[PDB]
Each structure stands twice: as structure tokens, then as C-alpha cells.
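Data block below; observations after.
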Amino acid sequence: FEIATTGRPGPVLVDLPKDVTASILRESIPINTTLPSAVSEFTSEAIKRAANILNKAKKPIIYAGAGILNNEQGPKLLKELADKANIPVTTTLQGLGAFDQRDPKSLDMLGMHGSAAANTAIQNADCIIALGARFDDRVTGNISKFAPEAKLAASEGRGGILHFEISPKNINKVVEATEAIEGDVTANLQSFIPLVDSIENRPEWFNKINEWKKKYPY
Amino acid sequence: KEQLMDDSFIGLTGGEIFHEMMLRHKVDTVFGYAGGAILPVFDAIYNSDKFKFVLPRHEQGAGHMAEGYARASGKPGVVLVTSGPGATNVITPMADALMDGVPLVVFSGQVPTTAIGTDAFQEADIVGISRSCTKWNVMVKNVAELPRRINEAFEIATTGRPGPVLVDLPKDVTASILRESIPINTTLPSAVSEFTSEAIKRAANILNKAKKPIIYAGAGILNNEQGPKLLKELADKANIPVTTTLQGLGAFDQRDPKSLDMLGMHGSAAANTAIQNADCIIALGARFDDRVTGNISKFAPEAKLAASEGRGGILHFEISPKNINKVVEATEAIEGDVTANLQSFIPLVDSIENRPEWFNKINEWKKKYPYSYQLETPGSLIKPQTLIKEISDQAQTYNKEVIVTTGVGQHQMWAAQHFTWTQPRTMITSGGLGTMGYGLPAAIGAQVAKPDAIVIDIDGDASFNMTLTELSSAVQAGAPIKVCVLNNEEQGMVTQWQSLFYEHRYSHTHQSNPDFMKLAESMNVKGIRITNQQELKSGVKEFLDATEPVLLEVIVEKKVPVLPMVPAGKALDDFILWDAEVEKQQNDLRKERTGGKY
Amino acid sequence: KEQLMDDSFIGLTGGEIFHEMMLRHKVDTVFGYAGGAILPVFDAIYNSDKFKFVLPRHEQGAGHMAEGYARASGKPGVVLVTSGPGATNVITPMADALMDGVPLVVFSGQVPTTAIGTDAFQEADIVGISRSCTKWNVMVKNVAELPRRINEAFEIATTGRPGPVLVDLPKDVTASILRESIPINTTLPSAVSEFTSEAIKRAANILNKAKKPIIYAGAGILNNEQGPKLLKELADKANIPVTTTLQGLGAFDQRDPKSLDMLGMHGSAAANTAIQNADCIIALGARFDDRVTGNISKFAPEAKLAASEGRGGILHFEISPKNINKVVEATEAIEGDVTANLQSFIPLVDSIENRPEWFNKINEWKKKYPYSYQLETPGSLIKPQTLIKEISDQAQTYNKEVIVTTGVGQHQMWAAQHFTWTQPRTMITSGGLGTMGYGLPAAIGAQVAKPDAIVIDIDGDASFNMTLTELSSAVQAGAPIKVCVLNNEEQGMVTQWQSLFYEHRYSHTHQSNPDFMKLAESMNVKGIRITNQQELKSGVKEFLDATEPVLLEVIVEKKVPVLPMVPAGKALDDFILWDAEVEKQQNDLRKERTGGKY
Ligand SMILES: Cc1cc2nc3c(=O)[nH]c(=O)nc-3n(C[C@H](O)[C@H](O)[C@H](O)COP(=O)(O)OP(=O)(O)OC[C@H]3O[C@@H](n4cnc5c(N)ncnc54)[C@H](O)[C@@H]3O)c2cc1C
Ligand SMILES: Cc1cc2nc3c(=O)[nH]c(=O)nc-3n(C[C@H](O)[C@H](O)[C@H](O)COP(=O)(O)OP(=O)(O)OC[C@H]3O[C@@H](n4cnc5c(N)ncnc54)[C@H](O)[C@@H]3O)c2cc1C
Ligand SMILES: Cc1cc2nc3c(=O)[nH]c(=O)nc-3n(C[C@H](O)[C@H](O)[C@H](O)COP(=O)(O)OP(=O)(O)OC[C@H]3O[C@@H](n4cnc5c(N)ncnc54)[C@H](O)[C@@H]3O)c2cc1C
Ligand SMILES: Cc1ncc(Cn2c(C)c(CCOP(=O)(O)OP(=O)(O)O)sc2=O)c(N)n1
Ligand SMILES: Cc1ncc(Cn2c(C)c(CCOP(=O)(O)OP(=O)(O)O)sc2=O)c(N)n1
Ligand SMILES: COC(=O)c1ccccc1S(=O)(=O)NC(=O)Nc1nc(C)cc(C)n1
Ligand SMILES: COC(=O)c1ccccc1S(=O)(=O)NC(=O)Nc1nc(C)cc(C)n1
Ligand SMILES: [K+]
Ligand SMILES: [K+]
Ligand SMILES: [Mg+2]
Ligand SMILES: [Mg+2]
């Protein structure tokens, strides 16, 4: 139960021999086995650096996935970040419902069969905030051609990819993260958001986004 | 909740937690070798006065030392090595320990978790590689679970059939500091079933019918201090002859009239004859290895007949279910620790005063089947059999325990045959895997375990060559081991098979030897060389009288077969025996075929 | 049908078929050690005049010898060992060969098929154990498929990225006789894609835009005879500076003005600076190992910027898809043999006469970043850096090829730094796994491959201790290797890290050494000891002038760090440089902390 529900959740199997389940316990066992069950300095610095990067961004976008759903406060904090820094939000297939699609900031689903508005936005963003999503090949398109503007921004020290991910295996697996924030995305968002500058308007960026949404309906 | 959680380790590094857990597991000796990945652990144990650290020259040395330590002491042997080549170098000792049931706990450094799976610097997939030669292994993924994994390692290594385990320690884990409380049960080290009780009663009834019983005792009886005592009690009560495996040597006092000595391929023909004719075989902590059974379909004909007629059979006292009914069908299987089960078994066994006919046969067999061989002749080299006898006789006269380790080959078999074995855990030899090079490091480990014992490594020249660098390790560790190299200038065991099966075609079985006396001198070890018969006695005395590490080289006769021998595919009582005339004819044939070269 | 089947092997044993297939694969050397399970093969190769057999003292020796042979010759190194411990003893060399891309074909004896899975005598699950450290392995299950498996082994070992393979040979298979015809294709050994062609054209266009190109060349360029030639042709045509990995040393003539020497953790600060500032990186047969890249996220900032701006980036010529985009994203990946692809690449590359600004910077960097160190002072010990220079200078004056092998540690890095590398396959060192003990057996293997070469093993004292028994093997094989032991009486590389990161707490990093001169004498090897500055020149000359196996011991300064150094986690251009005053302060601090002990 512990392994199944911690880190990235997943399946576990327990094999039960018939003679074991039929047998009777004849001895005492450690009482800790009869019962079910701070942020690192390194991650804290990563978060501060990530905040500074976002505070420079002129064309940010949130790329949110299933990971944000693994905490009850997930969607709430996603919305709080998007509202505070004025950021458009796109989600994966598995992230659908994490963000209210009736919100003007919603770019709908991205990917192979996602909105062309969302796909255009992520290809032109200078800062990508990846929240509990693993850059699957249904989402990225041609990997070498993925997120050109964010990669340029990273190289020029004015943006890049900020990856909030709980599983080390999925950090820098597909694309290089400019800053990797390891751990539960929701918990790390609580530390992240107060370091993020509040922003009232992004006239040019949201002008483009509204234009794209207009020309790319389903 | 506060009662069940422990915060006493908070603030410590993984390395420091390792150190503390060694203490709690009563580890008094660690064998190891440093390296980059394991540095946080080595920093933690820096100048520790809580255990002795033993440094080899090679990690294989550390492994075999820890094995020797484990078998001499009955404690787990602890190994501490670095990542990559440090870890892969312990693979042979791990496989060795698995085959011989040796409790080995190997701690291997590993590259940081962030670098695993990238083909990193000095990264080996040691968990993958060591999977087939460990009871269990694991990679610690965070410092909070490190005490638990250490507990599990020691528990698994020392319970059931003892064996090796490996714990992989990522550098960033051992360097990291515990910031959270952990379950207090993880900070601390650690009735007979109705079914087994009935098996024991049935087994007793079977033995009480037997007219020709025999005890077949192995290494398992040595895994309890009362083992040999209860073995003797059973043998005395029911009046039963006792034979042992190579690994069981010392479990039974061979000076006892009931002793049938060692059985098997190179065991006593008396023992082999007895087991083939017994109507009840009591297997005590032995696994019916193929060196022991001979042709399996032809093994124990009388016991199988007795079983079918409900008047005997095979009674197998075995702790590991995997080895029950693996090779031969047990008439009754008694699962669990053999010593504990013997306590329940013996009071159900009828006391017996005499077995006139059975022991008449056994005494006749012992009389006609001694370990005969061709004695020295005027001008001849020392016979290796005679050398072993000399060492055995002289060693017994000291008021100290005598522990023997060996290499692998003819010298090993001759050591088994011609020593008189009387005490438990005094034969420390590689039997299952049969690793050449085992002798010297095992001796060092045994000597560290038993500082007051005389420790003798009966070694072959080829075997000794494999790991001779560890001589410097003995000196640095202050272990006054006694190495005797039987120098026949050949890989004798292989040449024996080449003589017998390949018409004296000795294919690459003669390695060149260094000057062993100059070698010993270079290693700061005392050197003794015995070259002729007239130096044997005084040379061996100087060897045993030495109070420092000492290397004895003895020039012995070449191309001499180990006999008796049960060739592969033959029944256990279908043996080759020593014959003076046959040996001479063999010498002539070998001389002609090799043009006088051998 | 008769045309497609072959009956010419009918009547032969598996062993004899093995012998024939070695011939057909042009095997001229086998490294191995006998044992029970592999006897049918050894009987078959008995007194063969078709190849040279080399007998070590330990199977690890055989493995590392075969590696040294393979890297000197460009042929696969063939190993022949027995079951159990014979096979498990080759695990470290196999893992070593995998990490360094060495074509190793290991043949291991195995217990009869009838005994497999019974925990038989000397049975190891070597197929299971060696799975993670071989490209491929297999157990031959009948003699009819033996030629096929041998073909597959050699093919897999030598194609793609070269690496080790293991073939398990059950005793009853090799002893059995082929009674049936087999497909004649199994009795015999063995265009660029549209996609790659376009990649090459795109890569050429990218390079033709570059203002600050650099070539990053590795071991892959050595796997084709024309490799170094085409590397030079590219560098000359487009006027490009060249840096190499440790394993690429010798691929480019370091006397060339375009040479930036070695890059990486202990590479030239000039090379490290250049790659961090280059706008186009041409990776030729190199895998971006973590010893080379430094902090990966901070690696090659200018090339990544150039890529994003469409005016440069990383051009990766790599044969193994697994190593493409594994560590860093390639701007263009050119899959296949680098040498073959260079033939298509170069004619598309614009010829360039001058790069004034770029080469001005490079010359400035080379000037300010030599391999500086603290020179000898009156009465001081010989500096290890000076020793390497002396050997390099004197060795170059003979009219023979000079091949260098090393152990692992500081001596290895100093060898890399201070030799002048000019010829392909002259640096034979354990880089990926980093196996101590590699130096001596590798030298023997290289010497057998190249009988007319001067072969020098630059070894550490701790490393040499691991496998020093193989000195007798060199003598028996008639291999006049030259071993130089840099005796600093310490595990120097580890003490460097303990000095730097663990406040001079030297935890078990000082093994006791034997008397190396008496050792050499015991091994029937010439011995030379250099103890002071005044003996350096004449001692090294005697060392190189020797026409027999020779061991040179040199007493060198202790507690001297290898510099430059890029510490773990730091950017490649964030280096520690040698400074005379800092070294003195370090000496004072070390002296105080250790109470004058070190
Ligand atoms: C026919 C078809 C077409 C498809 N096309 C598309 C498409 O066009 N667009 C699209 O989006 N998908 C598409 N997919 C689905 C796609 O294959 C993936 O399943 C999906 O994109 C994955 O979304 P995800 O990364 O959000 O969820 P996941 O695959 O579950 O990844 C979640 C990531 O967040 C991490 N994480 C989990 N919990 C936490 C936590 N508490 N804190 C931090 N991190 C955490 C996980 O480790 C993981 O790395 C398609 C599927 C099919 C069958
Ligand atoms: C060249 C050579 C020749 C050899 N020839 C011979 C020979 O002629 N004769 C010979 O005897 N050996 C010979 N061997 C050794 C042989 O291969 C085996 O190693 C040996 O026979 C095994 O003895 P064993 O069964 O007593 O010990 P093990 O192999 O350790 O088996 C012990 C058994 O007892 C069980 N056990 C362990 N602990 C307990 C416990 N507490 N309670 C109950 N059961 C327990 C174990 O699970 C195991 O099943 C030779 C070896 C070599 C290298
Ligand atoms: C103590 C120590 C310190 C070290 N520090 C350094 C250092 O400072 N600098 C340094 O360079 N090394 C250092 N190393 C060595 C380092 O760990 C690696 O072994 C080395 O850098 C690898 O070099 P390589 O990539 O050229 O060779 P390899 O590891 O063999 O990689 C060769 C690459 O080329 C590919 N390839 C092979 N054949 C072909 C072909 N025909 N065509 C195309 N591609 C091919 C291979 O698939 C592989 O991807 C150190 C080692 C030790 C023990
Ligand atoms: C590491 C290893 N390699 C090979 C073998 C096979 N082998 C070999 C080569 C033996 C010959 C032993 O030679 P020795 O000199 O050490 O002893 P004897 O001459 O007394 O037989 S015994 C034996 O089983 C082995 N057991 N272990
Ligand atoms: C078999 C093995 N064990 C441990 C290590 C770890 N290790 C150790 C213990 C080194 C010290 C080398 O000592 P040396 O005397 O051979 O060379 P230097 O003193 O010149 O460094 S270097 C190194 O990487 C290793 N590389 N290989
Ligand atoms: C063992 O390597 C790794 O574990 C390792 C492997 C890959 C990445 C990072 C590391 S590390 O940074 O965590 N440790 C070292 O690099 N140790 C080390 N390296 C050298 C060259 C010499 C010595 C004494 N130690
Ligand atoms: C290696 O063992 C097996 O392969 C082996 C293993 C299990 C069963 C049968 C065999 S075997 O019959 O086919 N070969 C041998 O028994 N060889 C052998 N044994 C000794 C004791 C000494 C020497 C030199 N060779
Ligand atoms: K005896
Ligand atoms: K150089
Ligand atoms: Mg011998
Ligand atoms: Mg040294």
C-alpha cells in the first residue's frame, strides 16, 4: 500500500501461497508491521531560481498534467499561480479537469490531437511551467523541434522549462529541465507562488493567445 | 506513537548510521577496500575503536577472508567495498558463499542515485549481476530505510540456510543526513509444527526398525553449538556408525570407533560401501551433492528397498525446503534446524546396546579400505599424503585449537583424508563452487576470528598463485597464519583427469611458479623450504613453532592420483582403489606416452 | 540442398569443432585456464600450432590480458575458462570491457546439461550473472548449433559498439560428437540510409556557419584504420582545434598546433575552456561520459545557444543509438561508423584557411593553462609528474612503437597528461569501470598482440598489488613488458579526495607494500629501484634498454594532488588550478591535522 500510493502512484502485486493464507500465526510480530504509516536545501534553492526565471518571462505558459490531481489542493494552487502571474493554462489528456476550461486563460488540451492554439502557444512560449506532466510523445510532437522559444530563452538566461516532478526518473528524461523541482507539485507550489511576482496584464502575449484561440477552434 | 517512533538517528549521515548499526549487530570485524562511491561510509568509520578493519590487496581477498571469518566464528562475515570493479570483484566470493551456505553480508558503494542508469563512472549493475549468487539483495534508495535494510540483510544471511546478501549503497544516500523519525523496530536487530512433530515420530519408528543404520552428517549440524553434541548422543544411543561430508568434517570425532570417515568421490571406500548397504540413512544437515552420491540412480540401493518394504529408508533433517526431495526422495522429511529437531527425535529413539552383524561388516570394511598410497622409497620425493600426516600429527601436540583452510585440488582431498578431524569448524574449504585461491585469504579471516588458534592453509601451488598477494595483508593484519604449499609444480587434480581420461595429454596444466622463498621474503613473511624426506619432520616443526606468518614450501611427488576415486557415472561403491603394481604400470605408460617428460 | 548443407564437421567432438572455428575466425591467441568442465575443449586444442595459448595465474588476468590484446590489435580478445569460479572470475573483465567498448569473446565451460540447475559441482549461473555485463550471451545446448553460436558471438562482439559476449559450453556438449549435417552458412564467419545522408548534409551546413568549432574525439575514431587519417583531414580542411577523451588519446597527433590535449575532470583547462566557449561541437566516437562533461546542465553553453539561434550546436557521430541523445541533445545525430560517415561529411565541409580570433583565444588559453605542478626541490623526492615526462621523452627515442597501459589512480591521470600522444591504440587504460589491477595483465596482452612494441605499464603501488601474481605469466609467455610502479605508498587518488573533502581523514587508504625488488626477483623478473632525483635519468634508461620483463620501482612524492581538477557538480570551466602557495598551505594544514603523520 505504501509503495503503490507514494512517489508516482502505480501498481504492486502481492503473491499469496495457499498454505500461507491457510496457516495460522503462532508467534508475536513487530507491532509496527500491524499498522499502516521538510523540503531539502537543494530543492528550496531550485524553487527560488525557478521563481526568478518566471518573473522574467514575457510569454509564460502552464503545462499541467495528472500529477496536479494527486493532491486535493492541486487544482486550487494551479489556479492561484495562473491568476497571480497571469498565465495561460494547457493540460494533457490526463490533466483534463484540473483547470476550469471556461476560464479565459484556458488553452484546452495540447498534443497530437490537442488544440492548435495550445500547440502554437507552447511552441512560442519563453517559459514553460510543467506541473505533474511527463512530456509524453503524444504531447511533444517531434522532440528536437519541441518548445523552440523556451530553449532559446533558457540559453539566453531569460526563461526555459520549469519541471515540477515527483519521480526522478521522469526528470530530464525527454527534455532538459532548466530547473527541476523534485517532490509533490502541490506542496512545492505552496513555496513557489509567494516568490512569484503578481502580474496584472500581458497585453501582447494574451493578444496572440486570443487570436490563436479564435482561428483554431475544434 | 512517540513510543513507536525513534528520532535518535536524526542528524546522522547514512555513513554514521551504518556505523551505529554495525555496533548493534555485534559486528567486531569488517573486511573491505575503499573507493570514491563508498567514501562517506569510510569517513564515518574513520579510526573507529568499535571493530577491527581488515584491508586486503584485492576485494576477492576481502570476500574470502570474510568467508573464512564466518566459518571459523559462526558469525556473519561483513564486507565493505566501493562501486563498479570493487563490487564485481566480490562476485566469486558471493557465489562461493552461496554454494557453501556461508553467511556473508556485502556492502557495496554505488554511484549517486542521480547517476544510476547512465553508464556512470564506475557504475556496475551489481544488484542485477549478484542476483543469482545471493539469497537476497537490495539497493538503499534513501537514508531513512537504511537501518531497515541492514536489519533485513543480517536476518536473511543468518537464517534458514545461511548465505550471502548484498546491500547497494548510493553515495548520495550515505552522505545524506536523516531528517526524520523512523520506526523504532527498524533501529533494532531481531514452536514446532504439528506436521513436523508427526514426521519426527514416524522417523523414529522407522529407525527403531533398522538393522543397518548409518548417519550421513553435513555442514548443517555445525550451525548450532549443540549440533555435534546431539549427533554424538544419537549415534551412541542407537549405536550408529557416522560418516560425514567434506563440509561436515570435525562434526564427529574421527577417533571414535563409530567413525566411518568421509564419504563420496574421494571419500573412504568403507564409508561408501556402508551407505550403499545401509537400510536406514539419517541425513543430518547435508544436501546429497553430486560429489557425494555417485551415480544417483544407483545410490543407496538398500535404503530404497527398505523404504519400499516399510522397514527403513532415508530420514532427511533439512532446514531448506528447496533441498528436500531435490536429489533423492526422502522417506521422511524433517523440516527445520537439525539440532533443534534432534532434541525431539532422540528421546523417541530406542536405545541399542549392540549390532554384532552390522558392525562386524563395518569393521571388516574399515580394515580392508584404508587410505592406502605408495610410500616414499629411497631417494624419492616426499609423498603428499605423508606430508599431510606429518602436519596432522605434529599440529595435534600443541595446546591450541587447530583450524585448517585449503585451496582446491589434490592437496585439498589429501588434507580431507589424512587429517584426523575432531572439532567443529576446523575444516574451512571451498566445496560447492571449489574456488582456487580460497586458502590464503580464508586463513587470514579465520585467524582474525580466532586469534589464539593455529591456522594452517594447506594449499596447492597453482591455487596459491591465484591470490598470493594477500600475504602482505596477513602481515598488516597481524595474522600469524601458516601456509603450506604442496609444490608438485602442476595443476595436479586436472592432470589426474588428463592422465585417466585423456591419455596423458596435459593441455596447459603446468603453470610456472615463482621462487616461494624469495616471495615470502618480499612479503616480510618467514620462509621454509622442505626439499627431501630427511627434512620433513624438522621442517614441519619449525613451521608450527613459528609465532609469525610463515610460508612452508614442500617439494612433493608429481603425477600421483588421489585415491580412492568414484569416477563420474559410477555407483558410490564402484570405486578405484590404490594398487602398487597399477601405479607402477601407470608411471611406465605416462613416461612412454610423454617421451619421458612426465 | 546438398549445396546448402555441410557434413565436413561430422565425426568431430564439440571441442574439435571449437578449434576449427577459432581458425576460421583468424584467432591467433587464446587466453585461458583449465578446469574439469572445459577439459574436452582443452584436449582438442592440445599442442595446437594454430594459435598461441597464454596462461595467466588467475582468470581475471586472462580477461584483462584479452582486453589489452584486443585494444592493441583491433581484434577480439578470446578467453577460455572452466565452469563455476573459473567463469565468475572473468566477471570484472567483462564489465570492464562493456564500459570501454572492448570486443571480448568469453568461452566458459559448464557442467553437463544433465546437471544444470541442480546446484551441481562448480556450477554457476554464469548466463544469468553475466547478463548485465555482456552485449549478449548464450548457452550452447547441442554440438550441432555450436558453430552458429560461435559465429554469432564474434559478430556481436565486433559490430556496433564493440563489447564482451559469453558463450557457455556444457561439458557433455563439447565432448559429444556431431552426427548430422549442419547449414553451411553456420560453418563460415561473415549503403547509407536516406535519413543519415540528409543528417550529414545538414550537419555540414551547420559547421560551415561556425566561427568557433571544436572537435571532441573519442575511442570510436580508433575503430577504423582510416579513423585518425580522416579526423586529421577534417581538422585541417575546416581549420578546427581537436581535443580528445582519455580513451581517444593518440587519435590525434598532440604535437600538432591544433591539439588541445585531453578534456574533462583532469583534462587541460585550455581544452575545457574551449569546449565551453565553442559554438559548434563535433563529437566523433565519444559518449559524453560524466568524467568529461562536468555539470551537465552547465555543459557547452555556447554550443547550446548557437543551436537555438540556428548557427551551431552539437554534431554527434555515433554508432550506437543508445548513446545518441542519452546525455546531451544532439543538434544533428549521424548514426553509423564515424569514419565511414566522415568520408561523406568532409567533401561537404567548406575549406577554411584562417580563424584569427578563435585561434588567438585558443593559443592564449593553451599558454595560460599548462599542466603545471610543484617541481623537485633540493633533497625532495621525485615528483610523479616529472617521472612520467622522463619516461615519455626517453621512450620516444627508440625506433619502436610505444604502447602504454596503466592502473587506476593518480598515476593514470598523470600518464594521460604528461605523455605526448601521437599514435592510435597506444593508450590502453581502464576508463569506464576503472579497474585497479588492469595495468599488468593488459600490458601482457598488448605485448602478445604487438611482439615488437615497447609496452610500458605505468602502475600505482595499490593497483599493482591487486594482480602482481601475473608477473610469472609474463615470463612464461615470453612477454618483455616494462612495469613502472609509482610508489607513493598510498591509494593516492582516494587520499586526494580525503584531503579535499574529508579534512585529511585518511580512512584505510594506506596498504602495506611488499619489497618490489625482492618480489621481481622471486618472479624471475629484472628489478630496478629509483629512490632519488639523481638516479631518475639513468634508472629510466636501464628500464627502457632492458630486453626482458622488467619491474621499475620509483619512490615518488606523497600527498600530491592531480591538477587541474573539475570537482563534482562544477561546470567544466570551473576548475581548480595548481598554485605553489596553495600547495604549501595545504601541506601545512595536512601536517597539523594529522599531527605530522602525513
Ligand atoms: C489514441 C490516443 C491519443 C492521445 N493523444 C494525446 C494528446 O493529443 N494530448 C495529450 O495530452 N495526451 C494524449 N494521449 C495520452 C498520452 O499518451 C498520455 O497518456 C498523456 O499525455 C499523459 O498525460 P500526463 O503526463 O499528464 O499524465 P502521466 O502520464 O500520468 O504523467 C504524470 C507525471 O507527473 C508525475 N507526478 C505524478 N504525481 C505527482 C505529484 N504528486 N507531484 C509531482 N509530480 C507528479 C508523474 O511522475 C509523471 O511524471 C493520447 C492517448 C491515446 C490512447
Ligand atoms: C575437488 C573436490 C572434490 C570433492 N569431493 C567430495 C567428496 O568426495 N566427499 C564430500 O563429502 N564432498 C566433496 N566435495 C565437496 C562437495 O562438492 C560439497 O561441497 C560437499 O559435499 C557439501 O557438503 P554438505 O552437504 O555437508 O554441506 P552443504 O553443501 O553446505 O549442505 C548443507 C545442507 O544442510 C542444510 N542446512 C544448513 N543448515 C542447517 C540447519 N541448521 N539445520 C538443518 N539443515 C541445515 C543446508 O540447507 C544444506 O541443504 C568436493 C569438493 C571439491 C572441490
Ligand atoms: C580516475 C579516472 C579519471 C578519469 N577522468 C577522465 C578525464 O578527465 N577526461 C576523460 O576524457 N576521461 C576520463 N576518465 C575516463 C572516462 O571515465 C571514460 O572512460 C572516457 O572519457 C570515455 O572516453 P570515450 O567516450 O572516448 O570512449 P568510450 O567510453 O568507449 O565511448 C566511445 C563512444 O563512441 C561510440 N563508438 C564506438 N565505435 C564507434 C564507431 N566505429 N563509430 C562511431 N561511434 C563509435 C561508442 O558507442 C561510444 O558511444 C577517467 C577515468 C578514471 C578511472
Ligand atoms: C578459479 C578456478 N579455476 C579453475 C579451477 C579448476 N581446477 C584446477 C585448475 C585445479 C588444479 C589445482 O592445482 P593446485 O596446484 O592448486 O592443487 P593440486 O596440484 O594439489 O591439485 S583444481 C580445479 O578444480 C578451479 N577449481 N578454480
Ligand atoms: C578494484 C578497485 N577497487 C577500488 C577502486 C577505487 N579506487 C582506489 C582505491 C584508487 C587508489 C589507487 O591507488 P594506486 O596506488 O594504485 O594509484 P595512485 O596512488 O597513483 O592514485 S583509485 C580508485 O578509483 C578501484 N578503482 N578499483
Ligand atoms: C565513484 O564515482 C562516483 O561515485 C560518481 C559517478 C558518477 C557521477 C558522480 C560520482 S561522485 O561525484 O558522487 N563521486 C566521485 O566522482 N568519486 C571519485 N571520483 C574519482 C575520479 C576519484 C575518487 C577517489 N572518487
Ligand atoms: C566440473 O565438474 C563437472 O563438470 C560436473 C558437475 C556435476 C556432475 C558431473 C560433472 S562431470 O562429470 O561432467 N565433470 C567432473 O566431475 N570434472 C572434474 N571433477 C573433479 C573433482 C576434478 C576435475 C579435474 N574434474
Ligand atoms: K581422516
Ligand atoms: K599530453
Ligand atoms: Mg599443484
Ligand atoms: Mg599509490
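Among the residues of the range B:483-497, is any in the same structural domain as residue B:556 (by CATH), within 19 Å of the chain's Cα centre (by Cα), away from ligand 11 (no atom under 16 Å from the Cβ) and of a type in the set (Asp, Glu)?
No; the residues of the range B:483-497 include none that is in the same structural domain as residue B:556 (by CATH), within 19 Å of the chain's Cα centre (by Cα), away from ligand 11 (no atom under 16 Å from the Cβ) and of a type in the set (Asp, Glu).
Taking the range B:158-177, which residues are hydrophobic (A, V, I, L, M, F, W, C) and either more than 20 Å from the chain's Cα centre (by Cα) or not assigned by CATH to the domain that holds residue B:117 (or both)?
B:167, B:169, B:173, B:175, B:177, listed by residue number.
Restrict the check to the range C:125-135 and report whether at least one residue is in contact with a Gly (Cβ under 9 Å, 6 or more places away or on another chain), within 14 Å of chain B (Cβ to nearest Cβ) and of a type in the set (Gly, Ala, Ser).
Looking through the range C:125-135, at least one residue is in contact with a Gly (Cβ under 9 Å, 6 or more places away or on another chain), within 14 Å of chain B (Cβ to nearest Cβ) and of a type in the set (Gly, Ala, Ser).
Please give the number of the condition residue C:499 fails out of (1) away from chain B (no Cβ under 11 Å); (2) among the polar types (S, T, N, Q); (3) farther than 24 Å from residue C:593 by Cβ.
Failed condition: (3).
Output the residues belonging to the range B:291-325 that are within 16 Å of ligand 7 (Cβ to nearest atom) and farther than 14 Å from residue B:218 by Cβ.
B:294, B:295, B:296, B:297, B:298, B:299
Could you list, in sequence order, all residues of the range B:248-307 that are in a helix (DSSP H, G or I) and of a type in the set (A, V, I, L, M, F, W, C)?
If the condition is that a residue be in a helix (DSSP H, G or I) and of a type in the set (A, V, I, L, M, F, W, C), then B:269, B:270, B:271, B:274, B:275, B:292, B:296, B:303, B:305, B:306, B:307 are the ones that fit.
Which is part of a helix (DSSP H, G or I), touching a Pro at 6+ places or on another chain (Cβ under 6 Å) and more than 16 Å from ligand 1 (Cβ to nearest atom), of B:222, B:230?
B:222
Among the residues of the range C:503-523, are any within 14 Å of chain B (Cβ to nearest Cβ) and of a type in the set (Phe, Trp, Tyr)?
Within the range C:503-523, one or more residues are within 14 Å of chain B (Cβ to nearest Cβ) and of a type in the set (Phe, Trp, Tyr).
Please name all residue pairs, on different chains or six or more residues apart, with Cβ atoms under 8 Å, provided the first residue is in the range C:101-122 and is within 12 Å of chain B (Cβ to nearest Cβ) and the second residue is among the aromatic types (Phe, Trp, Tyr) and buried (at least 21 other Cβ atoms within 10 Å of the Cβ).
As it stands, the answer is C:111/C:121; C:115/C:121, since those pairs meet every condition given.
Go through B:469, B:377, B:386, B:405 for me and flag whichever is of a type outside the set (A, V, I, L, M, F, W, C) and under 21 Å from the mean Cα position of the chain (by Cα).
B:405
Quick test of your reading of the structure: residue C:388 fulfils all but one of (1) of a type in the set (A, V, I, L, M, F, W, C); (2) more than 16 Å from ligand 3 (Cβ to nearest atom); (3) part of a helix (DSSP H, G or I). Name the failing condition by number.
Of the numbered conditions (1) of a type in the set (A, V, I, L, M, F, W, C); (2) more than 16 Å from ligand 3 (Cβ to nearest atom); (3) part of a helix (DSSP H, G or I), the odd one out for residue C:388 is (2).
If residue C:282 satisfies every condition in (1) more than 16 Å from the chain's Cα centre (by Cα); (2) within 16 Å of ligand 6 (Cβ to nearest atom) but one, which is the exception?
(2)
For residues that are away from ligand 6 (no atom under 16 Å from the Cβ) and either within 14 Å of another protein chain (Cβ to nearest Cβ) or in a loop (DSSP other than H, G, I, E, B) (or both), tally how many sit in the range C:402-433.
Going through the range C:402-433 one residue at a time, the tally reaches 8.
Filter the range C:30-55 down to the residues that are in a loop (DSSP other than H, G, I, E, B) and either within 20 Å of the chain's Cα centre (by Cα) or hydroxyl-bearing (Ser, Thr, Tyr) (or both), then identify the one that is surrounded by the most Cβ atoms within 10 Å (Cβ to Cβ).
C:33
Say whether the condition of being away from chain A (no Cβ under 14 Å) and either under 29 Å from residue C:157 (Cα atoms) or in contact with a strand residue (DSSP E or B) (Cβ under 8 Å, 6 or more places away or on another chain) (or both) is met by at least one residue in the range C:300-316.
Looking for residues that are away from chain A (no Cβ under 14 Å) and either under 29 Å from residue C:157 (Cα atoms) or in contact with a strand residue (DSSP E or B) (Cβ under 8 Å, 6 or more places away or on another chain) (or both), one finds none in the range C:300-316, hence no.
Report, by residue number, each residue of the range C:99-123 that is closer than 15 Å to residue C:64 by Cα and out of contact with any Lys or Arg (no Cβ under 7 Å at 6 or more places or on another chain).
Selection gives C:99, C:100, C:103, C:104, C:105, C:106, C:107.
Take residues that are surrounded by 24 or more Cβ atoms within 10 Å (Cβ to Cβ) and either touching a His at 6+ places or on another chain (Cβ under 7 Å) or of a type in the set (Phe, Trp, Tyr) (or both) and tell me which of the helices (runs of 4 or more DSSP H) falling wholly in the range B:434-501 contain 2 or more.
B:439-449, B:461-467
For the range C:283-298, give me each residue that is more than 14 Å from chain B (Cβ to nearest Cβ) and more than 17 Å from residue C:246 (Cα to Cα).
If the condition is that a residue be more than 14 Å from chain B (Cβ to nearest Cβ) and more than 17 Å from residue C:246 (Cα to Cα), then C:298 is the only one that fits.
Which of the residues spanning the range A:1-22 are farther than 13 Å from residue A:37 by Cα and in a loop (DSSP other than H, G, I, E, B)?
A:7, A:8, A:9, A:10, A:11, A:12, A:13, A:14, A:15, A:16, A:17
Quickly run through the range B:66-80 and pick out the residues that are over 15 Å from residue B:25 (Cβ atoms) and either among the β-branched types (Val, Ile, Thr) or within 14 Å of chain C (Cβ to nearest Cβ) (or both).
Correct list: B:67 only.
Just to be sure before I move on: is residue C:105 away from ligand 6 (no atom under 16 Å from the Cβ), under 29 Å from residue C:161 (Cα atoms) and of a type outside the set (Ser, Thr, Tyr) in the structure I sent?
Judged against the criteria, residue C:105 is a match.
Considering B:146, B:231, B:178, which residue is closer than 25 Å to residue B:62 by Cβ and more than 14 Å from chain C (Cβ to nearest Cβ)?
Result: B:146 is the single residue among B:146, B:231, B:178 that is closer than 25 Å to residue B:62 by Cβ and more than 14 Å from chain C (Cβ to nearest Cβ).
Don't worry about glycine lacking a Cβ; one is built from the backbone with ideal geometry, like all the others, and counts go over all protein chains shown. Basis: the model, the stated rules and, where named, an outside source; these are not laboratory values.
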